[PDB]
């Protein structure tokens, strides 16, 4: 596989989370699509508050924001003796760690660095600082390049033409480029992307609010639709292939993703339209046998009873699963940052972890 494109060649957005001159820069996704604004945070409790807020969202972006938060602490602490610094590092690691104790990449970033700093406890203070900062950059860089690889892999296997996607797996879900967003962004540059359909994606509407804004921002050709309409456009032959991301893939390739991903798979299947999940290897948890092992988060009823600002329902019972589980059999294949994986995924996934 060759990477034929650099980040700048693919999008014109900055990165979703960035560190510069002892400060952390985030695109403020709470202000989208109305207003595009980069926030600048120069304290950890501001970075921490920007994680709770959901100023930043996307697992790899919630990681990077955290990493750089520690970077921010390293290059910022007034601690003179190494012993003060380590007690203050741990203070900030706890502050950061207790933002959305549910989002899993956060815990990953914060530990990777926690262990590094347990590792070099005896080195000089100014040296440990360098190491922290450095690793924060690694973490982040790491994601963009996984995203690059995924893109170029995906652009090989998907057809030219009309693609339909779901929720938000663009640049803004990631450090930069996106998982899905990489693929379509590569296709666009090649010119194999004639049309991208977007499910607004209720209840949280992240398809309307973020995905249409960012693919639109880069001049890609986008048609926003209601979720109900996915089937119809499929019926009419207006969709050559369907790509979604995935929040968790498990051993047999079954996977969980934002609600309505199962709907699509079943439909993609009725019109013999190819259907692919895209995600890096870290999203694959080999621990879990099958889809029935993935716990289902229900969120507040208010997400359904309202829509944007406005209320739209009487007070009545609601069912708001934030994710569904799509059985492996509906997967044409699974794009990852170490290549495309085909049936049978059970075997070829363990293989994929063996070879890495």
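Residue numbers count along the first chain shown, from 1.
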Inset, instruction - Averaging only over Cα atoms, indicate whether 162-170 or 75-83 has the higher B-factor in the PDB entry. - result: 75-83
Legend entry - Average Cα temperature factor in the PDB entry - higher stretch of 56-64, 288-296: 288-296
Inset, instruction - Name the residue from 230, 256, 204, 131 with the greatest C-alpha temperature factor listed in the entry. - result: 131
Legend entry - Among 135, 90, 200, 218 - the residue whose C-alpha B-factor is largest in the record: 90
Legend entry - Assigned third (lowest, middle, highest) for the C-alpha B factor of residue 153: middle
Inset, instruction - Consider only the C-alpha atoms of the modelled residues in this chain, order them by B-factor as the entry records it, and name the third containing residue 328: lowest, middle or highest. - result: middle
Inset, instruction - Relative to the other modelled residues of the same chain, rank the CA B-factor of residue 348 and answer lowest, middle or highest third. - result: highest
Inset, instruction - Tell me, lowest, middle or highest third: where does the Cα B factor of residue 116 rank within its chain? - result: highest
Inset, instruction - Name the third of the chain's ranked CA B-factors that contains residue 282, choosing lowest, middle or highest. - result: middle
